[PDB]
file start_12.cif (mmCIF, N, CA and C atoms)
data_model
loop_
_atom_site.group_PDB
_atom_site.id
_atom_site.type_symbol
_atom_site.label_atom_id
_atom_site.label_comp_id
_atom_site.auth_asym_id
_atom_site.auth_seq_id
_atom_site.Cartn_x
_atom_site.Cartn_y
_atom_site.Cartn_z
ATOM 1 N N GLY A 1 45.088 152.782 163.802
ATOM 2 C CA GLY A 1 44.579 152.752 165.195
ATOM 3 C C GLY A 1 45.033 151.517 165.940
ATOM 4 N N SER A 2 44.098 150.626 166.225
ATOM 5 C CA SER A 2 44.409 149.410 166.953
ATOM 6 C C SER A 2 44.315 148.196 166.035
ATOM 7 N N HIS A 3 45.346 147.362 166.048
ATOM 8 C CA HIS A 3 45.338 146.138 165.259
ATOM 9 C C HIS A 3 45.135 144.935 166.179
ATOM 10 N N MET A 4 44.859 145.226 167.445
ATOM 11 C CA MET A 4 44.609 144.194 168.445
ATOM 12 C C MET A 4 43.411 143.343 168.045
ATOM 13 N N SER A 5 43.681 142.120 167.622
ATOM 14 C CA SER A 5 42.630 141.208 167.222
ATOM 15 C C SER A 5 42.260 140.293 168.383
ATOM 16 N N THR A 6 41.319 140.742 169.197
ATOM 17 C CA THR A 6 40.887 139.977 170.352
ATOM 18 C C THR A 6 39.851 138.927 169.968
ATOM 19 N N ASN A 7 39.035 139.227 168.967
ATOM 20 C CA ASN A 7 38.084 138.243 168.462
ATOM 21 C C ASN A 7 38.377 137.914 167.005
ATOM 22 N N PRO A 8 39.066 136.789 166.762
ATOM 23 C CA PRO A 8 39.301 136.274 165.422
ATOM 24 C C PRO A 8 38.253 135.241 165.015
ATOM 25 N N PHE A 9 37.505 134.757 165.997
ATOM 26 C CA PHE A 9 36.502 133.734 165.768
ATOM 27 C C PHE A 9 35.111 134.315 165.951
ATOM 28 N N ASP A 10 34.470 134.656 164.846
ATOM 29 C CA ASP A 10 33.115 135.185 164.888
ATOM 30 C C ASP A 10 32.131 134.062 165.189
ATOM 31 N N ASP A 11 32.214 132.996 164.400
ATOM 32 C CA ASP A 11 31.370 131.821 164.582
ATOM 33 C C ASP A 11 32.047 130.612 163.940
ATOM 34 N N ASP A 12 31.896 129.442 164.552
ATOM 35 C CA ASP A 12 32.551 128.225 164.065
ATOM 36 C C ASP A 12 31.723 127.571 162.961
ATOM 37 N N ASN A 13 32.307 127.455 161.775
ATOM 38 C CA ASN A 13 31.565 126.985 160.609
ATOM 39 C C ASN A 13 31.829 125.513 160.307
ATOM 40 N N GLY A 14 33.056 125.185 159.919
ATOM 41 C CA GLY A 14 33.341 123.839 159.454
ATOM 42 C C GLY A 14 34.486 123.179 160.192
ATOM 43 N N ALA A 15 35.351 122.499 159.441
ATOM 44 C CA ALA A 15 36.476 121.767 160.017
ATOM 45 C C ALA A 15 37.467 122.710 160.694
ATOM 46 N N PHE A 16 38.377 122.137 161.463
ATOM 47 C CA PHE A 16 39.334 122.906 162.248
ATOM 48 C C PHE A 16 40.585 122.075 162.510
ATOM 49 N N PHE A 17 41.725 122.737 162.567
ATOM 50 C CA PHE A 17 42.990 122.076 162.858
ATOM 51 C C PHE A 17 43.621 122.672 164.109
ATOM 52 N N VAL A 18 44.501 121.914 164.739
ATOM 53 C CA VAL A 18 45.281 122.429 165.849
ATOM 54 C C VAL A 18 46.574 123.020 165.307
ATOM 55 N N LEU A 19 46.585 124.333 165.157
ATOM 56 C CA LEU A 19 47.685 125.018 164.506
ATOM 57 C C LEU A 19 48.430 125.891 165.499
ATOM 58 N N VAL A 20 49.740 125.726 165.551
ATOM 59 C CA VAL A 20 50.575 126.551 166.404
ATOM 60 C C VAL A 20 51.727 127.124 165.592
ATOM 61 N N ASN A 21 51.943 128.423 165.689
ATOM 62 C CA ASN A 21 53.066 129.042 165.001
ATOM 63 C C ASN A 21 54.159 129.376 166.007
ATOM 64 N N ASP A 22 55.305 129.817 165.510
ATOM 65 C CA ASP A 22 56.481 130.029 166.355
ATOM 66 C C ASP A 22 56.242 131.116 167.412
ATOM 67 N N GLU A 23 55.309 132.020 167.137
ATOM 68 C CA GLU A 23 54.989 133.109 168.060
ATOM 69 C C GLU A 23 53.708 132.826 168.846
ATOM 70 N N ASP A 24 53.212 131.602 168.759
ATOM 71 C CA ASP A 24 51.962 131.243 169.418
ATOM 72 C C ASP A 24 52.215 130.189 170.490
ATOM 73 N N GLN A 25 51.147 129.683 171.094
ATOM 74 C CA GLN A 25 51.258 128.661 172.123
ATOM 75 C C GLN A 25 50.330 127.484 171.821
ATOM 76 N N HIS A 26 49.061 127.775 171.539
ATOM 77 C CA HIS A 26 48.117 126.758 171.084
ATOM 78 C C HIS A 26 46.870 127.425 170.508
ATOM 79 N N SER A 27 46.501 127.042 169.295
ATOM 80 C CA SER A 27 45.374 127.663 168.619
ATOM 81 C C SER A 27 44.598 126.663 167.765
ATOM 82 N N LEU A 28 43.290 126.858 167.710
ATOM 83 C CA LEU A 28 42.431 126.101 166.820
ATOM 84 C C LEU A 28 42.156 126.925 165.576
ATOM 85 N N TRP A 29 42.614 126.438 164.441
ATOM 86 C CA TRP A 29 42.504 127.179 163.200
ATOM 87 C C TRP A 29 41.449 126.547 162.304
ATOM 88 N N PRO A 30 40.370 127.287 162.024
ATOM 89 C CA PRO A 30 39.269 126.800 161.190
ATOM 90 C C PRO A 30 39.696 126.548 159.750
ATOM 91 N N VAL A 31 39.330 125.386 159.228
ATOM 92 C CA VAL A 31 39.622 125.049 157.845
ATOM 93 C C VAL A 31 38.664 125.800 156.927
ATOM 94 N N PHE A 32 38.970 127.070 156.746
ATOM 95 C CA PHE A 32 38.162 127.981 155.956
ATOM 96 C C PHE A 32 39.024 129.178 155.593
ATOM 97 N N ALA A 33 39.925 129.520 156.505
ATOM 98 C CA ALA A 33 40.948 130.516 156.242
ATOM 99 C C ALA A 33 42.220 129.817 155.783
ATOM 100 N N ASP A 34 43.141 130.560 155.189
ATOM 101 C CA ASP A 34 44.367 129.964 154.669
ATOM 102 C C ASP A 34 45.473 130.010 155.716
ATOM 103 N N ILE A 35 46.287 128.964 155.743
ATOM 104 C CA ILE A 35 47.401 128.880 156.674
ATOM 105 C C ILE A 35 48.635 129.556 156.074
ATOM 106 N N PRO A 36 49.221 130.531 156.790
ATOM 107 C CA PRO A 36 50.336 131.336 156.277
ATOM 108 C C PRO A 36 51.697 130.617 156.339
ATOM 109 N N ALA A 37 52.562 131.014 157.271
ATOM 110 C CA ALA A 37 53.917 130.481 157.336
ATOM 111 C C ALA A 37 54.425 130.476 158.774
ATOM 112 N N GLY A 38 55.450 129.668 159.041
ATOM 113 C CA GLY A 38 56.014 129.594 160.378
ATOM 114 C C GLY A 38 55.114 128.843 161.333
ATOM 115 N N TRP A 39 54.359 127.901 160.790
ATOM 116 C CA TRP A 39 53.353 127.180 161.550
ATOM 117 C C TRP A 39 53.747 125.724 161.784
ATOM 118 N N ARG A 40 52.926 125.040 162.564
ATOM 119 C CA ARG A 40 53.131 123.646 162.906
ATOM 120 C C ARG A 40 51.786 122.999 163.221
ATOM 121 N N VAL A 41 51.498 121.878 162.576
ATOM 122 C CA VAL A 41 50.260 121.156 162.830
ATOM 123 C C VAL A 41 50.455 120.162 163.969
ATOM 124 N N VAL A 42 49.697 120.343 165.040
ATOM 125 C CA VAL A 42 49.793 119.470 166.201
ATOM 126 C C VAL A 42 48.741 118.362 166.126
ATOM 127 N N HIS A 43 47.645 118.645 165.432
ATOM 128 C CA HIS A 43 46.550 117.693 165.297
ATOM 129 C C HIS A 43 45.617 118.130 164.171
ATOM 130 N N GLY A 44 45.060 117.164 163.446
ATOM 131 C CA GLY A 44 44.187 117.481 162.329
ATOM 132 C C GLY A 44 42.740 117.664 162.742
ATOM 133 N N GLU A 45 41.845 117.637 161.761
ATOM 134 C CA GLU A 45 40.428 117.864 162.017
ATOM 135 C C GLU A 45 39.776 116.661 162.691
ATOM 136 N N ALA A 46 39.648 116.772 163.997
ATOM 137 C CA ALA A 46 38.909 115.817 164.805
ATOM 138 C C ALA A 46 38.024 116.592 165.770
ATOM 139 N N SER A 47 37.059 115.912 166.399
ATOM 140 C CA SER A 47 36.038 116.550 167.253
ATOM 141 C C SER A 47 36.538 117.818 167.963
ATOM 142 N N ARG A 48 35.771 118.899 167.816
ATOM 143 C CA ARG A 48 36.122 120.209 168.366
ATOM 144 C C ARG A 48 36.398 120.126 169.863
ATOM 145 N N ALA A 49 35.510 119.449 170.581
ATOM 146 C CA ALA A 49 35.638 119.295 172.024
ATOM 147 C C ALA A 49 36.932 118.573 172.381
ATOM 148 N N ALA A 50 37.335 117.644 171.522
ATOM 149 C CA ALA A 50 38.529 116.843 171.753
ATOM 150 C C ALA A 50 39.792 117.652 171.484
ATOM 151 N N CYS A 51 39.756 118.470 170.438
ATOM 152 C CA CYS A 51 40.893 119.317 170.096
ATOM 153 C C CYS A 51 41.094 120.404 171.149
ATOM 154 N N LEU A 52 39.998 121.037 171.568
ATOM 155 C CA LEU A 52 40.055 122.032 172.635
ATOM 156 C C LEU A 52 40.544 121.393 173.921
ATOM 157 N N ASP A 53 39.986 120.236 174.250
ATOM 158 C CA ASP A 53 40.412 119.505 175.436
ATOM 159 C C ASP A 53 41.913 119.244 175.379
ATOM 160 N N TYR A 54 42.368 118.652 174.277
ATOM 161 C CA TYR A 54 43.778 118.305 174.094
ATOM 162 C C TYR A 54 44.696 119.520 174.282
ATOM 163 N N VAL A 55 44.395 120.621 173.597
ATOM 164 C CA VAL A 55 45.253 121.800 173.660
ATOM 165 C C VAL A 55 45.258 122.412 175.060
ATOM 166 N N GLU A 56 44.105 122.397 175.713
ATOM 167 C CA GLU A 56 43.989 122.927 177.061
ATOM 168 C C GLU A 56 44.668 121.999 178.067
ATOM 169 N N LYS A 57 44.606 120.692 177.812
ATOM 170 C CA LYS A 57 45.333 119.719 178.623
ATOM 171 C C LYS A 57 46.823 120.027 178.585
ATOM 172 N N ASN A 58 47.352 120.222 177.378
ATOM 173 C CA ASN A 58 48.781 120.474 177.191
ATOM 174 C C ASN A 58 49.176 121.828 177.759
ATOM 175 N N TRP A 59 48.251 122.777 177.716
ATOM 176 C CA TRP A 59 48.499 124.103 178.259
ATOM 177 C C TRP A 59 48.588 124.039 179.783
ATOM 178 N N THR A 60 47.875 123.083 180.359
ATOM 179 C CA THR A 60 47.872 122.879 181.799
ATOM 180 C C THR A 60 49.025 121.964 182.213
ATOM 181 N N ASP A 61 49.142 120.849 181.513
ATOM 182 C CA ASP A 61 50.175 119.863 181.782
ATOM 183 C C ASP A 61 51.035 119.667 180.539
ATOM 184 N N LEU A 62 52.294 120.077 180.628
ATOM 185 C CA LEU A 62 53.190 120.060 179.479
ATOM 186 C C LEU A 62 53.673 118.645 179.183
ATOM 187 N N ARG A 63 52.795 117.852 178.586
ATOM 188 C CA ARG A 63 53.116 116.498 178.156
ATOM 189 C C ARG A 63 52.319 116.152 176.903
ATOM 190 N N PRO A 64 52.916 116.372 175.722
ATOM 191 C CA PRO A 64 52.269 116.079 174.440
ATOM 192 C C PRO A 64 52.102 114.580 174.217
ATOM 193 N N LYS A 65 50.989 114.191 173.615
ATOM 194 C CA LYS A 65 50.694 112.779 173.424
ATOM 195 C C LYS A 65 51.390 112.235 172.182
ATOM 196 N N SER A 66 52.692 112.000 172.321
ATOM 197 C CA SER A 66 53.515 111.410 171.269
ATOM 198 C C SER A 66 53.615 112.329 170.049
ATOM 199 N N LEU A 67 54.732 113.035 169.946
ATOM 200 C CA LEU A 67 54.986 113.892 168.798
ATOM 201 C C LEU A 67 55.756 113.116 167.735
ATOM 202 N N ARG A 68 56.296 111.976 168.143
ATOM 203 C CA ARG A 68 56.981 111.078 167.230
ATOM 204 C C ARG A 68 56.031 109.967 166.805
ATOM 205 N N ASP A 69 56.216 109.472 165.582
ATOM 206 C CA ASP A 69 55.377 108.413 165.019
ATOM 207 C C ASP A 69 53.922 108.872 164.929
ATOM 208 N N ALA A 70 53.671 109.769 163.992
ATOM 209 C CA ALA A 70 52.331 110.284 163.756
ATOM 210 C C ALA A 70 52.031 110.318 162.263
ATOM 211 N N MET A 71 53.090 110.291 161.466
ATOM 212 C CA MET A 71 52.974 110.249 160.016
ATOM 213 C C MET A 71 54.088 109.378 159.448
ATOM 214 N N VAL A 72 53.788 108.643 158.393
ATOM 215 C CA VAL A 72 54.740 107.698 157.836
ATOM 216 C C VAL A 72 55.497 108.312 156.664
ATOM 217 N N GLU A 73 56.732 108.720 156.919
ATOM 218 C CA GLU A 73 57.590 109.250 155.871
ATOM 219 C C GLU A 73 58.181 108.104 155.056
ATOM 220 N N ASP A 74 57.386 107.601 154.132
ATOM 221 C CA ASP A 74 57.756 106.443 153.342
ATOM 222 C C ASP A 74 57.032 106.481 152.009
#

call {"tool": "encode", "arguments": {"input": "start_12.cif", "output": "structure tokens"}}
result
Amino acid sequence: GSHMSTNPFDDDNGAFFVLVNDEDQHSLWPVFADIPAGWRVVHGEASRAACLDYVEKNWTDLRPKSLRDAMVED
């Protein structure tokens, strides 16, 4: 029938990450389900309001807050 998943978020339980995949734009992924493939972490588990704010900010104004120098490859 229909595979249209309009509601993937029943209720917010625990931690959450800012996860975006190649076919997505911006999503908050709850740390309770498993992360598949073709994804990208934009931000880790920090205040829900802050993550939503950040992603919505970027969705409105296309200026990411430093994508370089966020993890130390050393």

call {"tool": "atom_distance", "arguments": {"input": "start_12.cif", "atom1": "atom C of residue 13 (chain A)", "atom2": "atom N of residue 46 (chain A)"}}
result
12.3 Å

call {"tool": "residues_around", "arguments": {"input": "start_12.cif", "residues": "residue 39 (chain A)", "least_positions_apart": "5", "cutoff": "7 Å", "atoms": "only C-alpha atoms", "output": "JSON, numbers by chain"}}
result
{"A": [19, 20, 21, 22]}

call {"tool": "select_by_dssp", "arguments": {"input": "start_12.cif", "residues": "chain A", "states": "alpha helix (DSSP H)", "output": "count of residues only"}}
result
13

call {"tool": "resolve_selection", "arguments": {"input": "start_12.cif", "expression": "the PyMOL selection byres ((chain A and resi 50-61) around 8)", "output": "PyMOL selection string"}}
result
chain A and resi 17-18+25-28+43-49+62-65

call {"tool": "atom_distance", "arguments": {"input": "start_12.cif", "atom1": "CA of residue 40 (chain A)", "atom2": "CA of residue 3 (chain A)"}}
result
23.9 Å

call {"tool": "build_atoms", "arguments": {"input": "start_12.cif", "residues": "region 21-34 of chain A", "atoms": "N, CA, C and O atoms", "output": "compact mmCIF listing (two decimals), keeping the file's coordinate frame"}}
result
# COMPACT_ATOMS: atom_id res chain seq x y z
N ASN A 21 51.94 128.42 165.69
CA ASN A 21 53.07 129.04 165.00
C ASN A 21 54.16 129.38 166.01
O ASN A 21 53.96 129.23 167.21
N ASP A 22 55.30 129.82 165.51
CA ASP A 22 56.48 130.03 166.36
C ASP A 22 56.24 131.12 167.41
O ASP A 22 56.88 131.12 168.47
N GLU A 23 55.31 132.02 167.14
CA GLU A 23 54.99 133.11 168.06
C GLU A 23 53.71 132.83 168.85
O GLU A 23 53.18 133.71 169.53
N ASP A 24 53.21 131.60 168.76
CA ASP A 24 51.96 131.24 169.42
C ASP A 24 52.22 130.19 170.49
O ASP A 24 53.37 129.86 170.78
N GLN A 25 51.15 129.68 171.09
CA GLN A 25 51.26 128.66 172.12
C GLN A 25 50.33 127.48 171.82
O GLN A 25 50.76 126.33 171.85
N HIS A 26 49.06 127.78 171.54
CA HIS A 26 48.12 126.76 171.08
C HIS A 26 46.87 127.42 170.51
O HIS A 26 46.25 128.27 171.16
N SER A 27 46.50 127.04 169.30
CA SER A 27 45.37 127.66 168.62
C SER A 27 44.60 126.66 167.76
O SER A 27 45.17 125.73 167.19
N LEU A 28 43.29 126.86 167.71
CA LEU A 28 42.43 126.10 166.82
C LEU A 28 42.16 126.92 165.58
O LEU A 28 41.55 127.99 165.65
N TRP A 29 42.61 126.44 164.44
CA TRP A 29 42.50 127.18 163.20
C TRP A 29 41.45 126.55 162.30
O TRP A 29 41.59 125.40 161.88
N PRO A 30 40.37 127.29 162.02
CA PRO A 30 39.27 126.80 161.19
C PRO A 30 39.70 126.55 159.75
O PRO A 30 40.34 127.40 159.12
N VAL A 31 39.33 125.39 159.23
CA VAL A 31 39.62 125.05 157.84
C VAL A 31 38.66 125.80 156.93
O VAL A 31 37.66 125.26 156.45
N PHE A 32 38.97 127.07 156.75
CA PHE A 32 38.16 127.98 155.96
C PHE A 32 39.02 129.18 155.59
O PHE A 32 38.88 129.77 154.53
N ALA A 33 39.92 129.52 156.50
CA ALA A 33 40.95 130.52 156.24
C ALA A 33 42.22 129.82 155.78
O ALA A 33 42.36 128.61 155.96
N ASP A 34 43.14 130.56 155.19
CA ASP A 34 44.37 129.96 154.67
C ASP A 34 45.47 130.01 155.72
O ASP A 34 45.56 130.96 156.50
